[PDB]
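Coordinates as given in my_file32.tsv (TSV, C-alpha atoms and all ligand atoms):
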chain	number	residue	atom	x	y	z
W	42	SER	CA	0.00	0.00	0.00
W	43	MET	CA	1.48	3.54	0.26
W	44	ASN	CA	0.41	3.24	3.95
W	45	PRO	CA	2.37	1.16	6.40
W	46	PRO	CA	0.61	-0.59	9.22
W	47	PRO	CA	-0.11	2.05	11.88
W	48	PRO	CA	2.04	2.29	15.00
W	49	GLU	CA	1.00	-0.15	17.69
W	50	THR	CA	-1.15	1.03	20.59
W	51	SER	CA	-0.59	-2.06	22.73
W	52	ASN	CA	2.11	-4.76	23.06
W	53	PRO	CA	2.28	-8.09	24.83
W	54	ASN	CA	5.70	-7.45	26.40
W	55	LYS	CA	6.27	-3.72	26.71
W	56	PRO	CA	5.95	-2.75	30.38
W	57	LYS	CA	3.66	-0.02	31.64
W	58	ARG	CA	2.85	2.15	34.69
W	59	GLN	CA	0.20	4.63	35.72
W	60	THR	CA	1.41	7.95	37.06
W	61	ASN	CA	-0.09	11.36	37.79
W	62	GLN	CA	2.12	12.70	34.99
W	63	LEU	CA	0.71	10.25	32.43
W	64	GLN	CA	-2.83	11.09	33.64
W	65	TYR	CA	-2.03	14.80	33.08
W	66	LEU	CA	-0.67	14.01	29.62
W	67	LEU	CA	-4.09	12.49	28.68
W	68	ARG	CA	-6.49	14.75	30.62
W	69	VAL	CA	-4.77	18.11	30.08
W	70	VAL	CA	-1.99	17.97	27.43
W	71	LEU	CA	-3.51	15.70	24.77
W	72	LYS	CA	-6.96	17.25	25.41
W	73	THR	CA	-5.71	20.84	25.02
W	74	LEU	CA	-3.89	20.04	21.78
W	75	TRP	CA	-6.73	17.84	20.42
W	76	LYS	CA	-9.32	20.63	20.74
W	77	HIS	CA	-7.11	23.24	18.99
W	78	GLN	CA	-8.41	24.46	15.67
W	79	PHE	CA	-5.16	23.27	14.01
W	80	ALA	CA	-5.21	19.76	15.51
W	81	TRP	CA	-7.10	17.99	12.74
W	82	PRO	CA	-4.10	17.06	10.45
W	83	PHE	CA	-2.45	15.49	13.52
W	84	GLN	CA	-5.40	13.46	14.91
W	85	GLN	CA	-4.70	10.30	12.89
W	86	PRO	CA	-1.84	8.66	10.96
W	87	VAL	CA	-1.00	10.32	7.67
W	88	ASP	CA	-3.02	8.51	4.99
W	89	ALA	CA	-0.68	8.79	2.01
W	90	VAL	CA	-3.29	7.13	-0.28
W	91	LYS	CA	-6.08	9.58	0.61
W	92	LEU	CA	-3.76	12.63	0.60
W	93	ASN	CA	-1.78	11.56	-2.52
W	94	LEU	CA	1.67	11.72	-0.78
W	95	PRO	CA	3.68	8.96	-2.47
W	96	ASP	CA	6.94	10.21	-0.85
W	97	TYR	CA	5.68	10.56	2.76
W	98	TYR	CA	6.59	7.06	3.97
W	99	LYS	CA	9.76	7.12	1.82
W	100	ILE	CA	10.94	9.95	4.08
W	101	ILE	CA	9.16	9.33	7.44
W	102	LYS	CA	10.20	6.01	8.92
W	103	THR	CA	9.00	6.71	12.49
W	104	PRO	CA	5.47	8.09	11.91
W	105	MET	CA	3.48	9.35	14.89
W	106	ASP	CA	0.22	11.20	15.43
W	107	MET	CA	-2.08	12.25	18.31
W	108	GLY	CA	-4.67	9.52	17.54
W	109	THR	CA	-1.99	6.92	18.24
W	110	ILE	CA	-0.78	8.81	21.34
W	111	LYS	CA	-4.38	9.08	22.66
W	112	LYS	CA	-4.88	5.34	22.27
W	113	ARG	CA	-1.49	4.60	23.87
W	114	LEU	CA	-2.49	6.73	26.89
W	115	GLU	CA	-6.00	5.19	27.06
W	116	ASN	CA	-4.50	1.67	26.80
W	117	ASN	CA	-1.90	2.28	29.52
W	118	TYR	CA	0.93	1.60	27.00
W	119	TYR	CA	3.63	3.84	28.52
W	120	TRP	CA	6.06	3.22	31.37
W	121	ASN	CA	6.57	6.92	32.06
W	122	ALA	CA	5.86	10.42	30.88
W	123	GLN	CA	9.15	10.67	28.94
W	124	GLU	CA	8.03	7.93	26.53
W	125	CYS	CA	4.83	9.83	25.74
W	126	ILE	CA	6.61	13.17	25.41
W	127	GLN	CA	8.98	11.46	22.91
W	128	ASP	CA	6.00	10.49	20.75
W	129	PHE	CA	4.71	14.09	20.65
W	130	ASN	CA	8.19	15.32	19.79
W	131	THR	CA	8.51	12.74	16.94
W	132	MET	CA	5.16	13.91	15.54
W	133	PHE	CA	6.40	17.51	15.37
W	134	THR	CA	9.85	16.79	13.92
W	135	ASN	CA	8.34	14.45	11.29
W	136	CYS	CA	6.26	17.41	10.05
W	137	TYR	CA	9.38	19.57	9.84
W	138	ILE	CA	11.39	16.82	8.01
W	139	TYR	CA	8.77	16.14	5.38
W	140	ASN	CA	7.22	19.51	4.59
W	141	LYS	CA	8.36	22.60	2.79
W	142	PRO	CA	9.29	25.15	5.45
W	143	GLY	CA	6.72	27.81	4.33
W	144	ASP	CA	3.82	25.39	4.19
W	145	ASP	CA	0.69	26.05	6.27
W	146	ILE	CA	0.92	22.51	7.70
W	147	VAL	CA	4.24	23.59	9.33
W	148	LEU	CA	2.61	26.76	10.73
W	149	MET	CA	-0.07	24.50	12.27
W	150	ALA	CA	2.51	22.14	13.77
W	151	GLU	CA	4.49	25.06	15.16
W	152	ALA	CA	1.37	26.47	16.91
W	153	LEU	CA	0.65	23.07	18.45
W	154	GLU	CA	4.33	22.62	19.49
W	155	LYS	CA	4.33	26.03	21.23
W	156	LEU	CA	1.19	25.00	23.16
W	157	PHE	CA	2.68	21.61	23.93
W	158	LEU	CA	5.80	23.21	25.43
W	159	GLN	CA	3.61	25.49	27.59
W	160	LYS	CA	1.66	22.47	28.84
W	161	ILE	CA	4.83	20.36	29.50
W	162	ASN	CA	6.36	23.27	31.42
W	163	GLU	CA	3.48	22.68	33.93
W	164	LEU	CA	3.87	18.88	34.05
W	165	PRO	CA	3.26	18.08	37.72
W	166	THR	CA	6.07	16.58	39.79
W	167	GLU	CA	5.58	12.83	40.06
R	201	LIG	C1	-5.83	14.99	7.19
R	201	LIG	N1	-4.71	15.76	6.70
R	201	LIG	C2	-4.65	16.69	5.75
R	201	LIG	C3	-3.34	17.07	5.58
R	201	LIG	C4	-2.64	16.23	6.46
R	201	LIG	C5	-1.18	16.20	6.72
R	201	LIG	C6	-0.69	15.89	7.93
R	201	LIG	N2	0.69	15.88	8.23
R	201	LIG	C7	1.09	15.57	9.59
R	201	LIG	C8	1.66	16.24	7.31
R	201	LIG	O1	2.85	16.30	7.64
R	201	LIG	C9	1.16	16.54	6.01
R	201	LIG	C10	1.80	16.93	4.86
R	201	LIG	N3	0.84	17.15	3.92
R	201	LIG	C11	1.02	17.67	2.58
R	201	LIG	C12	1.09	19.17	2.58
R	201	LIG	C13	1.28	19.73	1.19
R	201	LIG	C14	0.38	20.93	1.07
R	201	LIG	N4	-0.21	21.13	2.40
R	201	LIG	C15	-1.55	21.80	2.26
R	201	LIG	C16	-2.30	21.81	3.57
R	201	LIG	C17	-2.08	22.86	4.46
R	201	LIG	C18	-2.74	22.91	5.70
R	201	LIG	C19	-3.62	21.93	6.05
R	201	LIG	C20	-3.84	20.88	5.17
R	201	LIG	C21	-3.21	20.83	3.92
R	201	LIG	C22	-0.22	19.81	3.03
R	201	LIG	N5	-0.43	16.91	4.42
R	201	LIG	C23	-0.23	16.56	5.70
R	201	LIG	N6	-3.45	15.44	7.15
Mind converting the file's structure to structure tokens?
Amino acid sequence: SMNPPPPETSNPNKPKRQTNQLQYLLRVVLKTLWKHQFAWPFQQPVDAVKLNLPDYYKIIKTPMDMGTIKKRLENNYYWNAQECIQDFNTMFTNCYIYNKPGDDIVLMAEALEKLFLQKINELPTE
């Protein structure tokens, strides 16, 4: 297909924990970004077939998106907050790798990244 299988949202072996920080990442951080007017291109895996982007998965080998992150949080997939933060960060840098710098999709990502940094600056102490 052009589309790879989507990133997993569960795993038989990967260990997990629940923490107040992971709860905050779902209830506050993911929620705040998800409701933003510019969230919609980031709420699901890039569908290269639908969007006609034959080069996307030639370039992006570690895809990530907030739909996957939301499911990972809901499924208790993460061991700690750092693992979840890493997924957000991958989502943003993938956008900057793939896209032309002046593209509106990059402007959208940048607005969401600025909000994300504000929210992570208030990550509660564990
Ligand atoms: C559902 N959906 C629509 C677009 C995407 C999308 C998501 N991600 C993460 C991306 O990194 C995308 C890259 N594209 C192609 C750009 C070329 C012209 N731009 C034009 C453009 C600008 C602003 C918004 C949409 C399209 C879009 N499209 C995407 N997902």
So how many Å separate CA of residue 54 (chain W) and CA of residue 85 (chain W), to one decimal? 24.6 Å
Do you know which residues are within 7 Å of ligand LIG 201 (chain R) using all atoms listed in the file? Can you write them as a ChimeraX atom specification? /W:81-83,87,92,94,135-136,139-140,144-146
Give me a file of those residues, with C-alpha atoms, as a PDB file, in the coordinates of the input.
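Saved file selection12.pdb follows:
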ATOM      1  CA  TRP W  81      -7.100  17.990  12.740  1.00  0.00           C
ATOM      2  CA  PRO W  82      -4.100  17.060  10.450  1.00  0.00           C
ATOM      3  CA  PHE W  83      -2.450  15.490  13.520  1.00  0.00           C
ATOM      4  CA  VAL W  87      -1.000  10.320   7.670  1.00  0.00           C
ATOM      5  CA  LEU W  92      -3.760  12.630   0.600  1.00  0.00           C
ATOM      6  CA  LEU W  94       1.670  11.720  -0.780  1.00  0.00           C
ATOM      7  CA  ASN W 135       8.340  14.450  11.290  1.00  0.00           C
ATOM      8  CA  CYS W 136       6.260  17.410  10.050  1.00  0.00           C
ATOM      9  CA  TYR W 139       8.770  16.140   5.380  1.00  0.00           C
ATOM     10  CA  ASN W 140       7.220  19.510   4.590  1.00  0.00           C
ATOM     11  CA  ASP W 144       3.820  25.390   4.190  1.00  0.00           C
ATOM     12  CA  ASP W 145       0.690  26.050   6.270  1.00  0.00           C
ATOM     13  CA  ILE W 146       0.920  22.510   7.700  1.00  0.00           C
TER      14      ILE W 146
END
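With distances restricted to only C-alpha atoms, W:150 is the closest residue to residue 77 (chain W) from W:150, W:142, W:158, W:122.
You will find CA of residue 86 (chain W) at 17.0 Å from CA of residue 115 (chain W).
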How would you write as an MDAnalysis selection string the residues that get within 12 Å of (5.2, 14.0, 26.4) in the file's frame, counting all atoms listed in the file? chainID W and resid 62:67 69:71 74 107 110:111 113:114 119:133 154 157:164
Contacts of residue 96 (chain W) within 10 Å, all atoms listed in the file, excl. fewer than 5 positions in-chain, as JSON, numbers by chain: {"W": [43, 89, 101, 139]}
Close residues, residue 50 (chain W) itself excluded, 7 Å, all atoms listed in the file, min 3 positions apart in chain, as a VMD selection string: chain W and resid 109 112 to 113 118
Suppose you want the space between CA of residue 73 (chain W) and CA of residue 151 (chain W); what is it in Å? 14.8 Å
Selection near residue 102 (chain W), 12 Å with only C-alpha atoms, sequence-local residues under 2 positions removed, as a count of residues only: 18
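Each of W:106, W:167, W:52, W:137 was compared to residue 80 (chain W) using all atoms listed in the file, and W:106 turns out to be the nearest.
Shortest separation to residue 103 (chain W) among W:49, W:42, W:57, W:141 occurs at residue W:49, atoms counted being only C-alpha atoms.
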